[PDB]
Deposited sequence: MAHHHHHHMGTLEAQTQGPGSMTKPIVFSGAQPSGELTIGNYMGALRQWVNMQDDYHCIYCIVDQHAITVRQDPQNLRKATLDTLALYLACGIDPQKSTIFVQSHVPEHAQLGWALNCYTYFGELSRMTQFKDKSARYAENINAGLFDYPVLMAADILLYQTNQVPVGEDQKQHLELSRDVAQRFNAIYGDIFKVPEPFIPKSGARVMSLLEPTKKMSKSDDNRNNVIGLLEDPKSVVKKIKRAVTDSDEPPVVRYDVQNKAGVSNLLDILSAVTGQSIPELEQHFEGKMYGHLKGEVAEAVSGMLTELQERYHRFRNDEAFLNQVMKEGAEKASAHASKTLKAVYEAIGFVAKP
């Protein structure tokens, strides 16, 4: 039986080449060997105040972007969280099996903190419901969500001890390419960066892409030497890693290629490689994003697959708890 993988996607409308070449692009090629579920978590998004029109548009942006990256709605389950009522239903039930102190001591809650709302406090529980609803075996998680996945595992184990093996206990599972910040090559490229000159978005205009890459930090070696050395030449190594990730050429092959050349040549090839990659992705993105009837059909079928799987686990949860079954 295929492992079940659950991934939450904030409706931001933004991904970086780091997110894509590092995580998503590889997952696109694993949709046949895993049961991949992608959930656009608009219910988590409103734990911070959102402009309503931006939220709706960014939900569709994110959907069209995942489709353009290659998520196939036939092979995978992709949907909008609020379209599947089971997420909020199980979220409430798991509140009653979650300790108050488990939530009050979350780093995200103290790091987001009297002008705080209960959704910021409670969103770890909704996250646990998102995962446990689908008998999830694996969850891709960054270091910042690690504490949240641990709670989901603790709640699944706590519930199972009381009522039987109802939930699968999820595990972290992070498999690709190493993409660092353009002006700070010792820090991973992050979509949350304040300095946007460190980041290349998948939907960034190609003109701005070449500009940012030409600004990418390199070293003061005289004469310049294009070789991979992360400790001494972090900037040059980062550009080599990005170029290798886009073109498939190995680092040694690129080194021989740039023997005797300046860092400007490396930046030039990186810029046109990345720009070409974003050009292909953006052609697909605009096709999908300007056909909102297609997007609606994807959302409808995705939510129906999601609800059909999710309601099996919710019904088992309600039976164990002692709710009268819905006729």
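Unmodelled regions of the deposited chain sequence (numbering from residue 1, in sequence order): 1 to 22, 136 to 139, 202 to 203.
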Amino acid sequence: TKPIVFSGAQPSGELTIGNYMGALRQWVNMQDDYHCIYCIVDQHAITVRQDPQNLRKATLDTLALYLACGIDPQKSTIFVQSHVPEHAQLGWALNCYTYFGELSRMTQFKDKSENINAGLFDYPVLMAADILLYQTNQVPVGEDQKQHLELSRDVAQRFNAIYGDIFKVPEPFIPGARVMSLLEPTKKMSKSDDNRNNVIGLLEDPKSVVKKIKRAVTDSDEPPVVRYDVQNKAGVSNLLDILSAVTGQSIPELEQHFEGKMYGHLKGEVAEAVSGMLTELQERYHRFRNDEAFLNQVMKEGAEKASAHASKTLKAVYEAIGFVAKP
From here on, numbers count along this sequence of modelled residues.
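As the entry records it, the average C-alpha temperature factor is higher for 10 to 18, out of 10 to 18 and 302 to 310. Remark: stretch with higher mean C-alpha B factor among 188 to 196 and 90 to 98 is 188 to 196. Sorting 234, 182, 243, 149 by the CA temperature factor given in the entry leaves 149 at the top. The entry assigns its greatest Cα B factor, within the set 84, 254, 125, 132, to 254. In the deposited entry, the Cα temperature factor of residue 268 places it in the middle third of its chain's modelled residues. Residue 167: CA B factor lies in the middle third for its chain, per the PDB record. In the PDB entry, a CA B factor belonging to the highest third of its chain's modelled residues is recorded for residue 104. For residue 52, the recorded CA B-factor ranks within the lowest third of the chain. Only modelled residues enter the ranking. Annotation for residue 62: C-alpha temperature factor in the lowest third relative to the rest of the modelled chain, per the entry.
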